[PDB]
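> give me coordinates for this.
(chains A, B, C, D, E and F)
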There are 6 protein chains.
Amino acid sequence: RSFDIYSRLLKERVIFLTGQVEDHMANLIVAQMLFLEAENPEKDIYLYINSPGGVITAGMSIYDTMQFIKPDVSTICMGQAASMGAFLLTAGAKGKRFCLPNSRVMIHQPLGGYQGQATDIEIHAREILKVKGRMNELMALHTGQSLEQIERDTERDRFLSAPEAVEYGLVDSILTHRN
Amino acid sequence: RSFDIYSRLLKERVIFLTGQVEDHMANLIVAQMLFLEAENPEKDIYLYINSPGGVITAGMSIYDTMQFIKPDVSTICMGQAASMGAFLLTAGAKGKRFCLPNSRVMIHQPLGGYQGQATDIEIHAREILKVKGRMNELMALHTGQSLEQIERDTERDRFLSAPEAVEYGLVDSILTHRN
Amino acid sequence: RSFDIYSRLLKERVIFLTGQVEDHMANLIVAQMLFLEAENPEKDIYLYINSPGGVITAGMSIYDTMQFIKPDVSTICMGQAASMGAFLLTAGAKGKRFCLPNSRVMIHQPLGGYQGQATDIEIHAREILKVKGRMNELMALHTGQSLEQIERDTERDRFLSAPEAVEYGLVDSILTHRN
Amino acid sequence: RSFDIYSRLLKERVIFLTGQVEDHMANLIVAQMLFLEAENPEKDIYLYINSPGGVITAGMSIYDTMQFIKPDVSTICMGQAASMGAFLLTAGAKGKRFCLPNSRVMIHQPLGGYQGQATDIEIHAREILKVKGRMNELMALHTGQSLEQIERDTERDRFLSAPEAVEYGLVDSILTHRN
Amino acid sequence: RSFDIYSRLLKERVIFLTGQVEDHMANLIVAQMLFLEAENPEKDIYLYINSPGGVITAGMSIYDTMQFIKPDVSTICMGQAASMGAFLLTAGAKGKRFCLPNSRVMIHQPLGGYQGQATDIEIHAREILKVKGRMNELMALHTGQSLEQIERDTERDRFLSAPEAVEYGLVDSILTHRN
Amino acid sequence: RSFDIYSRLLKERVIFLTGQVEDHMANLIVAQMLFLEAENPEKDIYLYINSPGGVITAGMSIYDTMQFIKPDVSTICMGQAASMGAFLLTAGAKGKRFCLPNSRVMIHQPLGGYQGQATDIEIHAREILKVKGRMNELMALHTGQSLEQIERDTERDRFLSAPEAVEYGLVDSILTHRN
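Residues are numbered from 1 along each chain as shown, chains lettered A, B, ... in the order given. Sure, structure below:
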C-alpha cells in the first residue's frame, strides 16, 4: 500500500541516487544493486540520478558495482547530474543512458585538500593527480571523447544542457515523453 | 627606560623574537633591525629567540633582513627555538650563535596545506616542495652539514639540547654565566 | 625618541605594507605617502611589502596614490608579495623595485563572490571581468609584458622566485647585501 | 605631529571618509568639517572617500554639513565610492570633485526593510520611497542628469569607471599626477 | 637584383624552412643562420616555417644552431608546422614566435624503425626512447607545460589552431596585419 | 630586362600562381609577396591565378600572407581557378578581384585521406572537418554569401563562369579589354 514508496519502486528494479554522494548513501545503492542482481541477474536495473557529486571513492564504489554486477545498469538523470553525478551517469550501460529535457549536466576535476608535512603533501598530491587522470580516462572511454577534450573540458566547471550531453556521448538520447 | 622595558633593551641593540612567527611580529622585528642598523652600521645586534616556529614567509622576511643589514646579528636561543625559530637562530652571525645551557632546539620539515582543484593542489604542492629545498640549503649553509645530512634529518621532528646544538653547527657556543 | 618604531622609520620616509590589504591599513599607508610627499615632494619614498593580498578596491586606493604623488615610490619585497601584494610591488617607480633574496611573489586573477538575481549577477560578473581586464593591463604596463602573456599567465596561481621576479620584469632587481 | 598621522593631515585640511558609513564614523567627519571651517572658512577642505556605502541618515548628516559650511568641500575618490559613498563624492563643490584613475564608482537605490504590522509596513514603505525620491532628485541636481536617467540607472547596481564618472557628471575630472 | 628571390630576403635576414626536414635543406638553413650571425650578431633572424616535419637529427642541427647563435631567432609559421616543424617553431626566441591566422600546428612523438637481431633491436628501442624523453623535456621547457603533460599530449597526433598554439604555449601570438 | 620574364614582370609588381598549390610554389609566391611590400608597401600587388587547386595548408600560407602584407592584393583569374585556386582568387582586395572574360571558376569542399587505427582516424577526420568549416566561414566572409549558402554550394563541385562568378560574389568584375 505504498507503505514505503522507494522499497516499492525497488520491485520494478528502480533505484534513486539523490544528493550528496558519500559512503553510506553510496553503500545503500550498492546493496540495492547487488540485491537486484540476485533477485534476477538478467533484467535491466534503473538508476535515476539527481545529484551534485560528492566524495569520489564512495562514488567509485557505486561505479564498480555497476560494472561488476551481471545486469545492465540504465541511468536517467533528472534535475542535475554534476561532477561525480555526471560520472556515474555516463557510466550507465551504453545506449541506456538518458536525460530528461531540462535536466542539466556539469563536469570538472577532482577536488581535494590535504594538510601536513611537505613529504606527506607530495604523497596525497601525487595521488589526487593519479585519480584526476584515471577519472579522465574512464570518462574518455564512456563518452567516446578523446583524453584531450575531457582534459580541456574538465579543467574548469563545464555545463551541458540535455541536447549537448547527447551530442557529447555522455548520455545516448533525450527521453521526452513516455511513448 | 623602565617606562617601556622592550624599548630600553633596544638601546643596547637587543631585539626579542618571542612566540609564534607571523607577519606582524616579524615586521616589528624587521623594523628594529633596520632601525638599529641605521643607529650604527657597525655595531653588532643581539636577538634572543624563544619561539616554537611559525609562518615561513614571515620568518623568511626576518632572515633576509638579517643577511642584508650592514651589522652582524648574534642570536641567543633560550627556552627553545623550533622550526622557523631554529632556522633564524642558526642563521645568526657566524661565531655569534649561542644557546643557554638548558634551552633546546628542534628542527623538522615544512608544514602546509591546500584546498581546491587537482590542478591547483599541484601548483601549490610544487611550491612548498621548492620552498622545502631552499630551506634545507640555507640550513646546510649556516650549519656545515651537507644538504643530504640535513634533508635526511629534517623529515621528522628532531630534538637537540644546547650540547648537540653546538655539536651540530646550529649554535657555535653555549653561554653559561656572563663575564 | 624611537617611540613607535614605525614613526621613527616614517621620518626616514620608509613605509610598511604588512598583512592582508583592506581599506583601513590601506587608508593608513596612503596617508603616510601623502604626508611624506608633503614633507618633501622631491625625495624618494620606500614601501616595504610583505602581504598575501587582499581587497582590490583597497589596493587600488594605494596604487593610484603611488602614481599620483610626485615622489618616486621604491618598493622592496620581504617574505612575500602575493596577488594585490605583487601588483603593488610592481607598481613602483621603474628602476626602484626590489625582491629580497628569498622573498617570493605570486600572481593570479580577481576573486569574487556574489549572491542575487540573474540580472544583478550579470551586472557584477561583467564588472569583475572588467576589473580583471584593467588589472591585467596595468600589469602588462609595469612588467613590460604583453597583455597577451599577462592574462594567459594569471588565469591560475603563478609563483615567482626573486630571480624569476626580476626576469619576469615584475621587479627590476634583487636587493642583496647592504651597500 | 605624526604621533597621529590623521591629525597631522587634518591640519592640511584633509579628511578621510573610510569604510562603512554609519553614525559615529559619520559624526567624526561632520566634526572635522565644522573644525576645519573654524580654523578658516575660506580654504577648501579636501575629503577623500574609499567607502562601500552605508546608512542613509548617516550619509545625509555629512551631506548637509557639507553644503552648509562655507569652505568649499572638494571630494577625491580612492579605491571606490559605492552607494552613499558615490553620493557624497558627487555632492562635492562643483569643479572640485575628482576620481583617481582606477577608483571605481557605483550607484544604486536605497536598501532597507521593516517588520511588524501592515499599517507600519506601509508607513515605512512610504517613507523609504519618499527618501528614494529625494535621493535621485539630489543626485540629478548634483550630476546634472535627468531625474529620469537617474531614476533609471539607480534601479539596479550600476558601475562607473573613472572616465564614465566624468562623462556622467558625477566627478569633474580625473586626478592622475601631482603637477 | 631580384635575380634569386630568397637570396634577396636573406638580406632582410629572412629565412625559410619549407617542406620535408632532412639533412641537406636543414644544413642550408643552418648555414644561413651562421652567415647572418657573421654579418650582424645583434639583429634578429626571422625563420618562416611551413613544414610537415621530418628527420629528428636533421632538425636538431637547426635547433641547437638556433640556440647557439647570438641572434634571437624569431619564428613565424605559415601553412602548418607539424612534428619537427612545430618543435623548431617553438624553439624560437621566447616572446618572438607566431602563427599566421590560419596556420595549424600538430605535435606528436618520434617515429622510426629497425630490423635486426633481438640484441640490436633493444639498443635501438632504448635509444628512440631517450630521444623521446629529450624532446618532451625540450618541449616542456619551451612551451612552459609540465613534462608529463607534454608526454601525455604527444602520445598521438594532436592538432592545434594558432589560437590553441598561443594558449598551449608553442607560439607567443598570432600575426594578422602588418603595422 | 626580359632575361627572366617572370622577374621582369615582378617590377611591375606582378605575380603568377600557376598549377597545383603545394608548399614550394606557394613559398615562392609568399616570398615575392613579402619582397614587394618591402619595396613599397603602398602600391597594389597583382596575383594572376590559373590553378586547379592544391594542398590546403600550402594555400593558406599564401592566404594569410595576402591579408597580412600592407600592399593590397589584386587577384586576376585567367583560364581557371578551382578549389584553392577559387579561394585565393576571391580572397584578393575587395574591389580589386577580377576574371578574364572566359575564365572559369570551380568551388567545393576539402579532400583528404588517412590510414591507421580507429583512434587516429578519428583525430584526422575531426581535423579535416574543423578545416572545412573554417574554409567555409572564410568563403562567406569574402563573397558576402550566407554561411549556410556556401556550405550548400560546396558539397559538390559547382562550376561558375565569369559572370556567374561576379554575381556569386567571388570576384567583383570582369576585365575584357585593356582600356
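
> mind checking what secondary structure the closest residue to residue A:176 other than its chain neighbours has?
Leaving aside its sequence neighbours, residue A:176 sits nearest to residue A:101 (Cβ to Cβ, 6 or more residues apart in numbering or on different chains; 5.9 Å). To be clear about C-beta, it is placed using only N, CA and C from the backbone, and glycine gets the same treatment. Three-state call for residue A:101 (DSSP: H, G, I helix; E, B strand; the rest coil): coil.

> contacts only, for residue A:101.
A:162, A:174, A:176 (Cβ atoms under 8 Å, 6 or more residues apart in numbering or on different chains).

> between the residues you listed, which is closest to chain D?
Nearest to chain D out of the contacts of residue A:101 is residue A:162 (Cβ to the nearest Cβ; 31.5 Å).

> report the contact partners of the closest one.
Residue A:162 sits in contact with A:99-104, A:174, where contact means Cβ under 8 Å, 6+ apart.

> any idea how far the nearest residue to it once chain neighbours are set aside lies from chain E?
Closest residue to residue A:162 apart from its sequence neighbours, by Cβ to Cβ, 6+ apart: residue A:99 at 4.2 Å. The gap separating residue A:99 from chain E is 29 Å, by Cβ to the nearest Cβ, to the nearest Å.

> for residue A:92, phi and psi?
Dihedral pair for residue A:92: phi -70, psi 170, per degrees, to the nearest 10.

> returning to that earlier point: from the contacts of residue A:101, which ones fall inside strands?
Among the contacts of residue A:101, the members found in strands (DSSP state E) are residue A:174.

> now the contacts of residue A:101 as TSV including distance to residue A:124?
As requested, the contacts of residue A:101 are exported to TSV (distance: Cβ to Cβ, whole Å):
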residue	distance to residue A:124
A:162	37
A:174	40
A:176	45
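
> which of the contacts of residue A:101 lies closest to residue A:78?
residue A:162 (10.5 Å; Cβ to Cβ).

> can you tell me how far the closest one is from residue C:118?
20 Å (Cβ to Cβ, to the nearest Å).

> likewise for residue A:156?
In terms of Cβ to Cβ, residue A:156 sits 21 Å off from residue C:118.

> between these two, who's got more neighbours?
Per other Cβ atoms under 10 Å in any protein chain shown, whichever of residue A:156 and residue C:118 has more neighbours is residue A:156, with 13 against 6.

> how about that one, phi and psi?
Dihedral angles (degrees, to the nearest 10) for residue A:156: phi -130, psi 150.

> likewise for residue A:28?
phi -70, psi -20.

> who does the closest residue to residue A:76 other than its chain neighbours form a beta bridge with?
Computed as Cβ to Cβ, 6+ apart, the closest residue to residue A:76 that is not its neighbour in sequence is residue A:98, at 4.4 Å. With DSSP bridges as the criterion, residue A:98 is bridged to residue A:76, residue A:173.

> need the contact list for residue A:94.
A:142, A:172.

> helix, strand, or coil at it?
Classification of residue A:94 using three-state DSSP returns coil.

> what sits against residue A:68?
By Cβ under 8 Å, 6+ apart, the contact set of residue A:68 is empty.

> quick check, the residue in chain A closest to chain E?
residue A:148 (6.4 Å).

> how close does the one residue in chain A that gets nearest to chain D sit to residue C:26?
Residue nearest to chain D within chain A: residue A:157 (24.5 Å; Cβ to the nearest Cβ). Residue A:157 sits 32 Å away from residue C:26, going by Cβ to Cβ.

> and what of residue A:51?
For residue A:51 relative to residue C:26 (Cβ to Cβ), the value is 43 Å.

> more crowded one of those two?
Taking other Cβ under 10 Å, residue A:51 and residue C:26 do not tie; residue C:26 has more neighbours (27 against 24).

> and that one, which of the three is it?
helix.

> from memory it sits against residue C:59, does it?
Yes. Using Cβ atoms under 8 Å, residue C:26 is in contact with residue C:59, at 6.8 Å.

> common neighbours of these two, please.
Common neighbours of residue C:26 and residue C:59 (Cβ under 8 Å, 6+ apart) are residue D:79.

> check which residues of the host helix or strand of residue A:128 are buried.
Under the criterion of DSSP states H and E, residue A:128 resides in helix A:118-143. Within helix A:118-143, the residues that count as buried by 16 or more other Cβ atoms under 10 Å in any protein chain shown are A:118, A:121-122, A:124-125, A:128-129, A:131-133, A:135-136, A:138-140, A:142-143.

> try stretch A:98-109
A:98-99, A:103-109.

> Serialize those residues to JSON lines and add fields for distance to residue C:76.
Shown next, in JSON lines, are the buried residues of stretch A:98-109 (distance: Cβ to Cβ, whole Å):
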{"residue": "A:98", "distance to residue C:76": "61"}
{"residue": "A:99", "distance to residue C:76": "57"}
{"residue": "A:103", "distance to residue C:76": "56"}
{"residue": "A:104", "distance to residue C:76": "50"}
{"residue": "A:105", "distance to residue C:76": "50"}
{"residue": "A:106", "distance to residue C:76": "45"}
{"residue": "A:107", "distance to residue C:76": "45"}
{"residue": "A:108", "distance to residue C:76": "40"}
{"residue": "A:109", "distance to residue C:76": "38"}
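
> quick one: which of those is nearest to chain B?
Among the buried residues of stretch A:98-109, and counting by Cβ to the nearest Cβ, the member closest to chain B is residue A:109, at 5.3 Å.

> return the residues in contact with that closest one.
By Cβ under 8 Å, 6+ apart, the residues touching residue A:109 are A:132, A:135, A:154-156, B:117-119.

> pull the most distant pair out of those residues.
A:135 and A:156 (15.1 Å).

> verify the stated contact: residue A:100 with residue A:175.
Yes. Between residue A:100 and residue A:175 there is a contact under Cβ under 8 Å: 5.9 Å.

> identify the contacts common to the two.
residue A:76.

> any part of the helix holding residue A:128 near chain C?
No. Judged by Cβ under 8 Å from any Cβ of the partner chain, helix A:118-143 and chain C are separated, with a smallest distance of 14.1 Å.

> of all the residues in the next helix or strand after that helix, which ones are buried?
Proceeding C-terminally, helix A:118-143 gives way to helix A:147-153 as the next helix or strand, assigned by DSSP H and E. By neighbour count on 16+ other Cβ under 10 Å, the buried set for helix A:147-153 is A:147-151, A:153.

> which elements pack onto helix A:147-153?
In terms of contacts (3 or more Cβ pairs under 8 Å, 6 or more residues apart in numbering or on different chains; DSSP states H and E), helix A:147-153 is packed against helix A:118-143.

> off-centre distance for the helix it packs on?
Distance of helix A:118-143 from the chain centroid (Cα atoms, centre = their mean, to the nearest Å) equals 17 Å.

> nearest residue to the middle of chain A?
When Cα atoms, centre = their mean is applied to chain A, the residue found nearest the centroid is residue A:88 (1.4 Å).

> tell me the gap between the host helix or strand of it and the middle of its chain.
Per DSSP H and E: residue A:88 is located in helix A:84-90. Relative to its chain's centre, helix A:84-90 lies at 2 Å (Cα atoms, centre = their mean).

> contacts only, for the closest residue to chain F within chain A.
Chain A approaches chain F most closely through residue A:146 (7.3 Å), counting by Cβ to the nearest Cβ. Neighbour list for residue A:146: A:140, F:122-123 [criterion: Cβ under 8 Å, 6+ apart].

> show me what contacts residue A:133?
So residue A:133 contacts nothing (Cβ under 8 Å, 6+ apart).

> typo on my end, it should be residue A:19
Residue A:19 sits next to A:25, A:50-52 when contact means Cβ under 8 Å, 6+ apart.

> before we move on, what about residue A:159?
A:104-106.

> what about whatever helix or strand it lives in, distance to the chain center?
If you go by DSSP H and E, residue A:159 is part of strand A:158-160. Strand A:158-160 sits 15 Å away from the centroid of its parent chain (Cα atoms, centre = their mean).
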